[PDB]
Every structure is written in C-alpha cells, then in structure tokens.
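What follows is the residue order along each chain.
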Amino acid sequence: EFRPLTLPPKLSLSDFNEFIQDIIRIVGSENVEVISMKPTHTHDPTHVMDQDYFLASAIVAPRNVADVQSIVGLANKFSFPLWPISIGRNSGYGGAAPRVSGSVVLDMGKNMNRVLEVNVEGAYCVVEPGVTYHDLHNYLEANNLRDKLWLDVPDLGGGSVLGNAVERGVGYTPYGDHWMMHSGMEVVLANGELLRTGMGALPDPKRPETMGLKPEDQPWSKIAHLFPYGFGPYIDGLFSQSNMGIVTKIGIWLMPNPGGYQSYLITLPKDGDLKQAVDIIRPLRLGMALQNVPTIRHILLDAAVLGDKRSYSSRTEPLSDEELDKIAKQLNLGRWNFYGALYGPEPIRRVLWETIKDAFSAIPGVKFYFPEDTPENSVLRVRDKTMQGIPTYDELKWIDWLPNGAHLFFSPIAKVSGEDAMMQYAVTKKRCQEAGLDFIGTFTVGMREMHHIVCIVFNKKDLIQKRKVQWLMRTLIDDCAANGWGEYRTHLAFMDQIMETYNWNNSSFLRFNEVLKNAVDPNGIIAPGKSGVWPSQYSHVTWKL
Amino acid sequence: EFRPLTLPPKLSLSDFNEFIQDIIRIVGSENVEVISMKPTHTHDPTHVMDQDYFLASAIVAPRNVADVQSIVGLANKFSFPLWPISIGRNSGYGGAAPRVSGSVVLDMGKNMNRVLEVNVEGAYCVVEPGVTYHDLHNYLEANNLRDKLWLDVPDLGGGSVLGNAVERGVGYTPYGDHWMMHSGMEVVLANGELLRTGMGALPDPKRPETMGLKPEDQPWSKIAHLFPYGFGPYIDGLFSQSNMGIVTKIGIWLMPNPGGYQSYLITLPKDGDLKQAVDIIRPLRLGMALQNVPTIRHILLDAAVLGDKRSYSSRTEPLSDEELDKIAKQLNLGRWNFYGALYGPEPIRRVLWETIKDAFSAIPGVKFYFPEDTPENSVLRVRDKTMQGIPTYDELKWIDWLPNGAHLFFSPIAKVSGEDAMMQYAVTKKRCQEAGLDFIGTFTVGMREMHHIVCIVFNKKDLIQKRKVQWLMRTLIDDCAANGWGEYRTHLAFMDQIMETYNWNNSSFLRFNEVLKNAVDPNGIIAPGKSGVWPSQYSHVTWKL
Amino acid sequence: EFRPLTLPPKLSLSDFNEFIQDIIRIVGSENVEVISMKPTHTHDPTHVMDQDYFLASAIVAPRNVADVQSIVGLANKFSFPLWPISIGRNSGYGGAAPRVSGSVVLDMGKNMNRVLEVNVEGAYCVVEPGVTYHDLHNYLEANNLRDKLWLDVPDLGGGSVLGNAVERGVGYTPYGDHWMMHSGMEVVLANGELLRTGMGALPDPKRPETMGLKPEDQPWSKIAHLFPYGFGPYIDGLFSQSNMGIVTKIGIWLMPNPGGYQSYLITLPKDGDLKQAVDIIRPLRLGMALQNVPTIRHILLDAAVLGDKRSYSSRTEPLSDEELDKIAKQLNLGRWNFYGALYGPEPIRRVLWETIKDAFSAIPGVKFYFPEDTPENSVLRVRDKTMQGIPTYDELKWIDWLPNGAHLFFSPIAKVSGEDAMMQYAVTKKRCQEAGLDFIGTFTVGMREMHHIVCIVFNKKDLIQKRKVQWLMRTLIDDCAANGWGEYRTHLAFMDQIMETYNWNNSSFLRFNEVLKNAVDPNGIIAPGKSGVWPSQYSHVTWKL
C-alpha cells in the first residue's frame, strides 16, 4: 500500500512504496500491513507518551528465514529501519511498538512458529520466535512429554519462549533464569548473513539425507544445544536486549520432571515484615533450600488478580495503610506474600520444608498454606501451576486495576537484604503516593539478587495522570540510581534515561556498545534505539528521550 | 633493553627501544623484561612446535590499571602487539607464550594481586588477575571465612581465579561452571578505555569518602556482583577466550558452606563399563542427584598421579589392555573411576547417596569407597579436598608420566550418552596408539555435556615424537569434527584449526567475530590471533597455522 | 629541558624535547619552564583533586604575538596542547593549572604587558593580557587621567583586566559587567591566524607612518573600541570562557569620572532579613536607583577579611547561629551586609539616597553607615575604594579563614527575588554544614540576576576534608540544577559536571559547541577541555570528570 501515517526517517513516499511493493512480492499481500489475545503491533498500547511516538509504518510477517534476509537486504538498500518482534504481548514494555516511528515492525511470530525439536535425552527444546509458552506446553502434551519434561513460565503464558529469553525474562521453577538456559541460537545479522552460536557453529557432518538444504534448514550438531560456549569469544549475549541481530531460532534447556512437587504460600502479616522475610530468604536461597525463583508479592497484586479497585473501595485516591490491612484480612492473606515450591522425592522435600517453616516462624503471625488449604479462586492455586511449568491466563486480571488501565513496569534490582529491600520499597512507595498511585509490586528472588517489578497502572485516556506517570517513572529512575540500583528492563521511552544510568567512567559501556553496533550495522537498520543504542545516522539530539 | 631475539611485525629496532624506554619510565626497570612453581612467560614451555614460534620479545608487569592503559596507549602509538596474561601456569594450553612472536607479554599477575572484596551477605569475591586459587584460599582462612564461604578449584590450585574464569575453566563443586559464576567485570579495552560490565556500569552514588578516586579505584554499585546482566546488550562473553579487551578485575560468586559434605569413589571394573556408567550418570546429573561436576577418570590418570611410567613398566611403547587391568588391581581401582560428592544436611545426602549407589550397582564388580576406606596416597583423599574448594599441588605428579614430559590437552565435548562417550573414546584411543602414546584422560560431567580432556604427554626433546604429537592433535581435531564434536579450548598452534572447525555457513561465526575485533581494535594490538581471531593487518596467509 | 613529570597525551619524550628546543630557540631559555603575589603556573594551588591532575609539563612565556603564533604552529606540528593564561591569580577557579596534564602553560602575562592605549575622548583603554588592575590604575595616575577616567575592579586588583573580562568577571561600579564593556578584541586562533573582532576587522586606512608594521602591531580603526558589533555574525563571545582562540588584546570601555560619589553600608540584623532585602533590591536595581553592582555579604565574609577563624572561636566545627549573631554585634555589622554607592552630582545622589534608605527602613533594626561612620579597618572603607575603581590587596585576608586554607567558588545564579535568594541560600547552607564547613558567601546584584559566590574554604593538606569539599561541590551542582539554577563559572574539575548541567534537548548546547571547536581546531591543541568542551581526539571516556 500507498500513504503511511509516518514515514521512516529521510525516506520519500516513493521509496516507501517501492519497498513495500518489493516485500509484497516476496511474502504476499496477506503478510505486509501498511498503517494509513490479539495484541496490536502498530503502536504502543500502554499509551504513556503522545502520538507520533513509537508508531510503525508497516508490519511485515516473514514466511521464513529467507524472507527475513530478503527483507534485511531491502532495508539496507532503502535504509528502512526494522523492528523485529516475536510476539509483542508485553504491554508494559511497550509491546510491539518500534522505538523510532516509521519503522517496519517485523512480526516473526505469525509465520515462524515451529517447535523445532524436543530432545528428551538432552532435555532441551529448539524453538522459533512464534512459539508461545502455551504452544510449547500443548506441544509437550500431544506427544506425552508432560511427565518427562517440564517448562518454566513467566507469570503469563502467551509470551514468546525465545522473545522472553533473549529479553532475559524470569520464571518460577529451578530453571527460571531463562536467558541462562539457552544454548544454540540462530541469528540473522544486519548484513543479512545467518549465524548460529556456540556449538551451533560446529556443523553437522554431511550425510545423504541432509544434503542441499538451505543453511536455515540444516540440522545442528549434536552438542549445539547441550553446551552453549562453543570456542573463542562467546558472542551470544550481544544478542540479548540488543539491536545487534534478528534471533530466528533458539535452544532452551528443559527441566526433567523431578518426581516430587509441592507449592506453598507463607503469609507475612505486617507491611514491615518484608525486612525480616528477605533477611530469612537470603541464606535459604544461597543455600539451595529454596529451589526455584520464589516470589514475595504485595497484597494489592493478589488483590488485583481477584478484583478491580472499585470492588475493594470507592476512593479514587490511593488506598491507605488501614485499608490494605483490611484487604489482607478479607483475603486471608498477609500484607506481603511469599510463594515458592519444593522439587523432588518426598524425603528431600520434607527436610527442606521443615527448614523453611522453621525459619519463617520467627515472624509473628506467619501462616503456611498449600493449595488445598486455600479458596478455589486463590492465587496460590493459580501459582501452583506456574511453579510447575504449566502456563495460564489468570494473572492478567490485575492489569484492569483502574478502568482504562494500561501499565508500565518500573523494574529495579535490589540486594537480597531486608534493609535494602525495605529502602527501595520506601523510595518507590513515596513517589507512587506523590503521583496519586497505589503502589503495586513483587520481588522475585534471584540467587543473590531480587528483581523488583513495580506495576504502575493508570488511566490510558487521562492526559493528567499519564503525565503524572511519566513524572513518576523518570523520578523513580533517578531516585533509584541515587541509591545505586538500576533497572533491568524498560519501556521504549525510558531506554535512554535508563541507559544514561549506566554511565560509569563517562558512559564507557554505551560508547563501546555504539562501536559494536556501527561495525555490524553500517546502515543502522536493525532497531535503532533499542536499549539506548543508536547507530551514527541517528543524531542523539534529535532522537533520545 | 636493546636487542631482542624477535621483534614484533613491521617494527624497527629503534622503535622497539623507544617503546621499552617509555615503559621502563612508566613501571620501573624491575618490571619490563627484554628477551635477548616459577612459570616461564617468554615462550611455550610444552614445546611442540619449533622455535621462533610463540616467542615474546619482552614481558611487562604493570603496577596497576593506569599502567595497563599507558601501555595500551604505547601499543597503539607504536603498533606493538601485547599478550596479556594473568598467571600462565597452564602449560598444555601453551601457558604464557604469545601466539605471534615479537609480542609484549603483559604479566598482570605479578603486580595486580589483590583480593579486592570478599562479601559474605552476597556471597561473592572480587579479584585481580594475580589472585591464584591458593591465594583466595589463604585469604579466606586468615579472615576465618573458611566455614562460611567455599571456593571452587580446578585440578590445580596455582592458576588464576579470573584467568581461569574468563577462559571458561571448570571445577568440581556445585559452582564448577566458573565463567557462569562471574558477575562484575572490569576491562581495559584496546582503545585504552576502562569498561566494567552489567551492573558494574551503574555507578556507586557519590559519597564523601570515595570522591576523587580514579575510575579504576572506585567502588562498585550494590548489585554489581549480584546480578550479571545490567541492562541492554550483555557484552560480558565477548571477553571470554577472546582478544576483545584486557580483563583487570572480576567478581566471582562463592558457595556458602552447605553444612554437610561427603566425597566418594565408585570404581568401574572393565574398560567398557564407561558406556553403562555414562548412561547412568545422564539422568542423575540432569535430575540434580549429582550435585557437583563429577569426574570419570581413566586408570592411568590416577596411575600417573601416584607414579611415573617406568614405575609401572619398562615398555617404551604404550601399555597394553592387560597391563592396564593389572595396574587397576594393584591400585584397587577400576579401569575407569567416578569421583563425586554430596553436599548438605545428612538426611538429604543420605537419600541422594542411596540413589547413586543403587543405580551404579547395575554395573558388575562396581565398588564404592569414601576417603577413609582408601590408602593414604590415594587420589580420592586428594580429590576429597578438591570437591570442597580446597586447592592442592598433588595432581601435577602426572605431568611427569614420561621423563622430559610436556603435555597438551586435546579437549572435545561429548554428549552425556555412553554411546557417544565410547565413540569419542575409541576415536581418541586409536589415534593415541597410532602415535604410540598411552591414552590418558577424563570426562568431566556437565549438566548436558561432558568435557573430555585427553592428556597427550610426550618427550619435549624428541623431534620425532613431538611431530607425532602434532600429527595426533591435528588428526584428532579433524576426526572429532567428522563425528560432530568440537574442542572447547586449545593451545596456541591449534587455534586456527580449531576455529576453522566452527565454519557453519561458510565461517559466519569467525567473519562476524573479525568485524567486532577490527571495530574495537583498529590497530589490532590486543593479542592478534587468540582463538583464531585476527585483526586485518595480520594477513591470514602469513599467520595462521 | 629534558624529562618532564607528565608528558602531554601520545607525545614521546623525544618529540617533547624536540619541541622545547624549538621554543627555547624562539623565546629564549629565560621564558620556557620545564617541570621535572607570585602565583604558581604549574599546578592547581587550591589542591582539591589528587596529583597527576592539572599538572603542566612546561610553562612558556611568549615575548609577543609572533611568539604566540610560532608556538601555535609548533603545537599543531607536534600535537602538543597549550593552556593559555593571562595572570592566573584566581586560585578557586584553579588558577593557572591546565585541565589536562602534560599541557604547555602559555603565560601571556609575563611579557605581554602593555597598556596599549587610554583614549579619553572615547573613554576606552586597550590592554594586553599582562595588564593587571593595579597596572591600569598606576598607568592612569602617572598620566593624570585619574580625575577623568575611572576603572572597574573585582574584589582583588591583582587579576588581569582582559583575562577577567573574557572570563566574564563582574565588578562594583556602573561598569561592573566587564565582558559587556569590551569592544575591540585581537585573537590568535588555533590555525595560527590573527583575527580582531567587530570594527577591529575594518582596517585603519594606510598612512605613511604605519606602513610595514606587522598585523599584530597595526593601529586599529576609529570605531574599533567604540562599537563592538562590526557587521555580520558577532563572533566575540565565542572567545568567552572557551578554547576557541588565544586572546592577545582587548578594548575595555572606561567610566568617565561622574563628578559625585558616595559609598555606603546598610546592615541587616537577622539571618532572614535577606528575603526582604532582596525583594527591596529588585525594583531599585531595575529602576536604576541602584547605580552600580551592589553586594549583599554574609557576616563571615566581612568577618574573614578582618580575622581568621581562631580569632573568633576555638570550635573546629562550623560556628553556630548564636555565634554568628555574636560576631555581627562585635563588628557592628548585620547578619547580612549590603554595600553600594551613588554616582554623580549631589542633587541626584540625594534623591536616590533618600529613596534607598526609605525602602530599606522597612527592615527592623536596619542601620545605614558611610565610610567615616565606621572603624578604620572596616570593610566599607576598603570597599569605598573598590566601588570607585581603585583596586586593593585587602580582601584577600579571608582566604586564610582556616590555617592551610585553599578555597573554591561554588557559583550559582539566582533570581533577584528574596524567595529564590533564601531558597538557594538554604540549599547551600545545608550542604556546607553536612560537610562541616562554615557557609561563607555573597550575592552580587545583577540587573535581573544575582551571582552568588559561595566561598568553600578548607585545609589543603587534609585528605578527609578535601574529599568532603569534593562531595560538597558536586552535590551542590546537582542540588542547584534540581532547583533550576546553574553555575556561571567553575574550577577545572567541575567543568564537565557543570556543562552536563546545561543539557537541554539532549546536550544540544555542547554538541553544537564541539562542532565549532573541531572546525577551527582539528588538532585540538587549544586548551582541550576548558568549559567542558573537548576536541574529538580526546575520548570523553578517558578525560571527563
């Protein structure tokens, strides 16, 4: 098609139509949309910034890897920026919106869907960008692999197994650190050239049945998904949260059924119980008593899962300390809520579980519950599935906290120290109040770190509050940096700020990144601006926010 | 000093004396050597290739990080290549020798020694290149941290904690994967600029007491050694086994005493027991019954530790199948020998230990022993310390298998499948006999892979045998590739061969690697040729072997 | 000379000795110093940062303008950075020290001394960098121009008339805005070429008596020192506080004796009288009742002039609110102290003076005094000379507040609003106490702004306090920016911080500045880093603080 709402930088409308005609001729009219459950891929859905911001010109859905190389060629030819997405369901990080309007959103999920391989002896799977978590789960069940191999899912299962992994997302099983569970990745660099990593570089020895296959369709050697390092420089991580390559295929390790599973819930009665709780979790996390990635939730998170905010109050301003206590009682929950699980044979679960309980019993009024012990609608019953690798749609209910809610995640990291966790909670809770927002969040326990997802929800049609939300977010970043904590991930608009945060020694780390980017992407057509990294033809003055 | 034996490429003697005077003027004459226990740093000690090869021109010991930047500057000024080393005790991988003669060996270890930090709450340590394993141990004990925090050592404790970690070395405790246990790394890139990665990029908030400190001496932010990723592209691995930067500091995670430890020995009687044993290890390793990295050793490895070859035979040719059997008996060992260990509270050790024995009992004549149950000189008593993070000097005894022995490691990776384990063993054993060399070796058990260190030992003054040793090596590489198995690490001379092995899709991995190298190192002064990666001013024709 | 302590970036010792020999051959050995009342020109005297920082390699005194061009040429030949100074008496702004060590301090003052012209009809003077304020005064008196023409001096008369003027210094007569009183400037750009601005570009018509004179020695056209603009782009300000050229000559307007002068002192009793006082000053300053730049001083400033801190207290920590009150009484001063002066015929002074008193009488306990009415040692008697263009050595007494005192100026600008004045005072006073430093300071009244010189004084041999002093400074900058107030000038180490403060629209002002710098100074030899502006061969990573 013809006249887009926004053309990518410096490109004429004639150039734009020449290009699109070319891509249409490659992937068919049914896979190239021009902008003149079902996630949008054309714009930031969790509106926070104004219009004209992060608006694609056209969404293109490659049929396969060839198509992605033809499309890269065309972007180099015409200097048309691309914005490669796998699924784009994470509104909160901006979903599928491109950072620089005019871009071509590359929907890799629509046709590049396959569960390429599920290896039981090696306990791994090889996946394309389209393979959501539900998909890999349905794949496992229709092949009876459910009782041999287990997944590891993020709070929502409609996300991409590889998209989430390359973005470094976390899960709640012993295999929760997703990016650390990859081995074998296939990438389409900016020059067009295909590249596979680690032992993906060591090629399967020739054999009659695999002769003549295009590179993209060739099998991988035996150790390709069993050892990640390969030999030499381990370049894999350049492709995480970066614009250095288009990730087309990835191997993810799978957890073999542990032959024993118990999920539990420990409720902490006071809002200041978080300090003792986190001091307790520390030694138990580092000492492997705490098997998976346990979560510490704030009462409104579980409150939200179960009901909107009018369902708990009429107040338009932020619920008070009293009201929060009251909601806790109502739900039989604590003010803070720990969710975890035990894996393996009963004799070992049992020792761990006595230890855990024992530890947490130094917190007055603590109360331990397994799923059965809680109401049918409870979060624990839902999270009992999440910690065993079973994906769900439940926990999405909280996005609706406010009427025309949208949300953004402010995500700092905090030591696994109560002192520190309380400090960061304070900081975020003050600002949230200052903005007139309920604080809503979780700490997910890392072995020596704690990912702190603050869920800022707000009215997507309210000019005043969105501006309040922007103030909040940018103030939180500074505040957090002032206290030496940075965010591990963000939405399109906060990328620059956040990368400006990592400025040790005069921005050394972003300087060095900008070289690697320009070297490998001389026309800078792969996602200019992702994570604050800009190719030289994108003046910082004109583009950073 | 004046006239070196080998000048670095294109450099005049005048230039060379200019430079040396400059460096002597920076770091003192007591630190800058000109080539006209105590490891050599001037040449490949495990001689294999001929002379002229891998011969430094001068060794230079920086006093600190400034000194490394000054030196980098002078390398960029004069176009003098540097070969940065930490310790260089790993003869076998060529130790300190530089890949291209004329290089300046940068001994970082001699002055950059400090155990910078040992954090108990976060359970990490931050170390300089000089900090050997024995060093971090002695540090621990003199601060009574020995019963709180535990190390993870490689078969020899004299190596560098960070050198080994950036080289992707492996250990025998649950934290055996060394490079996967780092978080926080400080680098001096080739441009001279300092860069710290991940959360090491988020700077510690100003405070009165740390003002005016050089970047090199600034503290790090709180999550710097607790979370590796930071934000954006996770560049860390570009500094593993590569020439992309000079590693100055690194944070390595430590293991919190587990409150329970049992090390053991299972002996496998026959030479073909390796196949069932490796099928047995598979599920227990993946299912976490097998806590640390367990090791399967071949009889001569343990034989070797205990005595030279003349001490078991007069034969100059390779010992026979019968003789090996006899040696096994003499030592009360198997033909193959599994070493592992149980960590934690007794109730849990016990269930795991019943599981392990149980499984291995399906191997005829299998015999299980704890340390106490074996002779005073036994390997198990030595490895009982190794699997608990206590480093030793013991296991070096085997390098002396032959009189003027030197050794080289042929290191393929193999699936954790007996089928595969035997296949690779076969291949390696043929060749070794074809060269008239005793096969000597180990498989170190990875969660889904097995590092297989073939120890080629030979007579460093024997022209004929060294050639035989070069034939062996190069033929094993090809053989191994033929059967789809790459090497994880190698010695200076096999670097090229080994990367050529990783040529999927027409050498994509190396091309893409040359791009990043040239970008960040236009003068190409950082270790040209490490891992097979060459900056553009070093003709491939002239330099690869 | 031979071996310097610090060589400028990338330069070999050989190169350095080549250059010095060349310069010694141009200006004589008596003028070119190699670093192996009387201000130092080799290093930052108000030590604050550590050593290695801001240390010149050699000081070079040009005999004249040719000599400055020869030297420029040699800097472009060898790529040696220069640090041009006039006098370098302003410790506090780092005096003569160069921003990047290894630089060549260009002392223009030592030989380029002349009062070139004192024109009475046009009421201007044309001066070289060496002409201090005392110098132009002594010139005036020896030519009896003292009752015809009047100077405008800064708190200390030993500074350079043009150095201070290009640095945008301020004075206390109606011609206090120094840089706004220049017209005619002669510059030696980095290419070596001489350029005079505005009407200094329109050349004096040839005439017999000025033929064959070097450009440097040519007279100027008639309107050269009467109208600043010329025609076209008014480039003059590119040479203020910048590294865009070496200023050799400048025309400064002089004030024609006004035939009437009364200087006075109004004392404000309370520490919060500053708010009403500044609201009072506002309208009178804008309405021209307030003739010169009036000053509001804090009690310790005047206290300081008169005596050290031990002379008022034993306390090592900062004097208290009560103590300050007591000192005020002892000296017959206020807590705050306004100094001004009336110019012209008595009938007009009188009406203004009734207006001033009248207004200030709305402040309880306000007391008005002329010089005569105050003690012999009083500050008013000292400043009575200052507001009439007579320079003095008096006011330097305060630098000795503490024993081995050094001082630094923290200089924010603030509106001429009491509200704002108090706000900024607050901010500054907290921090100063947090560092355990006596707040000492002045607001100098601008027509619509107020320059606020916080005098941080401290112990130059105290590591702990200097660090405290560095924390203070950097925290005040951020604080101040937080409240939208920039600094107008700073010391070498805060230059970067301070420009980063001016980052509207993603550092537009500095980017645009780097462009002009590089264009006119491709080798970047003119003062790299002054005001935060760096030529492209000086990595930001490596150089900013």
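Each residue takes a number counted from 1 along its chain in the order the sequence is written, a numbering that need not match the entry; residues with no coordinates do not appear. To read the labels, note that chains go from A and ligands from 1, taken in the order they are written. Remark: the chains included constitute part of a larger assembly, and values are reported for the included chains only. Side-chain metrics rest on all non-hydrogen atoms present in the structure, leaving aside hydrogens and water. Residues with missing side-chain atoms are left out of burial classes, side-chain pairs and their counts.

- Per the PDB record, this model was obtained through X-ray crystallography at a reported resolution of 2.9 Å.

- Under the annotation held in the PDB entry, chain A carries the name VANILLYL-ALCOHOL OXIDASE and is attributed to Penicillium simplicissimum.
- UniProt positions are given in the numbering used here, feature names are shortened, and annotations may be inferred rather than shown by experiment. In the Catalytic activity part of its UniProt record, chain A is described as follows: "4-hydroxy-3-methoxy-benzenemethanol + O2 = vanillin + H2O2".

**Observations concerning unusual backbone geometry**
Residues and elements named next belong to chain B.
Part 1: Residue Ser 79 is not a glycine yet carries a positive backbone phi of 65 degrees.
Part 2: Counting from the N terminus, the helices are the DSSP runs of H or I reaching at least four residues and the strands are the DSSP runs of E reaching at least two. For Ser 79, the location among the structural elements is in the loop between helix 2 (65-78) and strand 3 (82-85).
Part 3: Accessibility expressed as a relative area gives 37% for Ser 79, which makes it partly exposed.
Part 4: Phi at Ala 123 takes a positive value of approximately 60 degrees, unusual for a residue other than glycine.
Part 5: Along the chain, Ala 123 falls in the loop between strand 5 (115-119) and strand 6 (124-127). The cut-offs for exposure are 20% and 50% of the maximum accessible area for each residue type, with area from a 1.4 Å probe on protein chains only; residues under the lower value are buried, those over the upper are exposed, and the others partly exposed.

**Focus: the interface of chain B and chain C**
Part 1: Here, two residues are considered to be in contact whenever any of their heavy atoms come within 4.5 Å of each other. Contacts between the two partners involve 13 residues from chain B and, on the opposite side, 16 residues from chain C.
Part 2: Surface buried jointly by chain B and chain C totals about 1,200 Å² across both partners, of which 55% is contributed by carbon and sulfur atoms.
Part 3: By buried area we mean how much accessible surface two parts lose on assembly, using a 1.4 Å probe and totalling the loss over both. Looking at the side of chain B facing chain C, the largest losses of area belong to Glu 193, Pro 208 and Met 211 of chain B, adding up to 40% of the total buried there.
Part 4: Definition used for salt bridges: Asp or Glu carboxyl oxygen within 4 Å of a side-chain nitrogen of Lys or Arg. Inspection of the region where chain B meets chain C yields two salt bridges.
Part 5: A salt bridge links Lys 214 of chain B to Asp 52 of chain C; the nearest nitrogen and oxygen atoms lie 3.7 Å apart.
Part 6: We call two N or O atoms a polar contact when they sit within 3.5 Å, provided that within protein one can donate a hydrogen and the other can accept it, with sequence-adjacent residues counted only if both atoms are side-chain atoms. On inspection of chain B and its partner chain C, the count reaches four residue pairs in polar contact.
Part 7: Looking at the side of chain B that touches chain C residue by residue, the classes come out as three nonpolar, two polar and eight charged. Three classes are used: nonpolar for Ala, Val, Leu, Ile, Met, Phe, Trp, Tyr, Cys and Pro, charged for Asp, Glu, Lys and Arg, and polar for all others, with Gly counted as polar.

**Side note on the relation of the copies chain B and chain C**
Part 1: Only C-alpha atoms enter the least-squares fit that superposes the copies. Rotating chain B by 90 degrees and moving it 0.0 Å along the rotation axis overlays it on chain C with an RMSD of 0.0 Å. The transformation just described matches what one would write down for a four-fold rotation axis. Residue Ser 14 of chain B of chain B places its C-alpha closer to the rotation axis than any other residue of that unit, at 8.7 Å.

**Quick notes on the UniProt feature "active site" in chain A**
Part 1: Under the UniProt annotation, the feature "active site" is placed at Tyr 93, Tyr 488 and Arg 489 of chain A. These residues run over 397 residues, yet every pair of their C-alpha atoms falls within 11.5 Å of each other.
Part 2: Here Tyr 93 of chain A lies in the loop between strand 3 (82-85) and strand 4 (104-107).
Part 3: Apart from residues no more than four positions distant in its own chain, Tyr 93 of chain A is found in contact with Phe 409, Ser 411, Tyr 488, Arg 489, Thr 490, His 491 and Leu 492 of chain A.
Part 4: Counting through the fold element by element, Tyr 488 of chain A comes out in the loop between helix 11 (463-482) and helix 12 (495-501).
Part 5: A relative accessible area of 6% means that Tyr 488 of chain A is categorised as buried.
Part 6: Not counting the four nearest positions on each side in its chain, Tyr 488 of chain A is found in contact with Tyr 93, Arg 168, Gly 169, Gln 241, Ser 411, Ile 413, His 451 and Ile 453 of chain A together with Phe 227, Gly 230 and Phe 231 of chain B.

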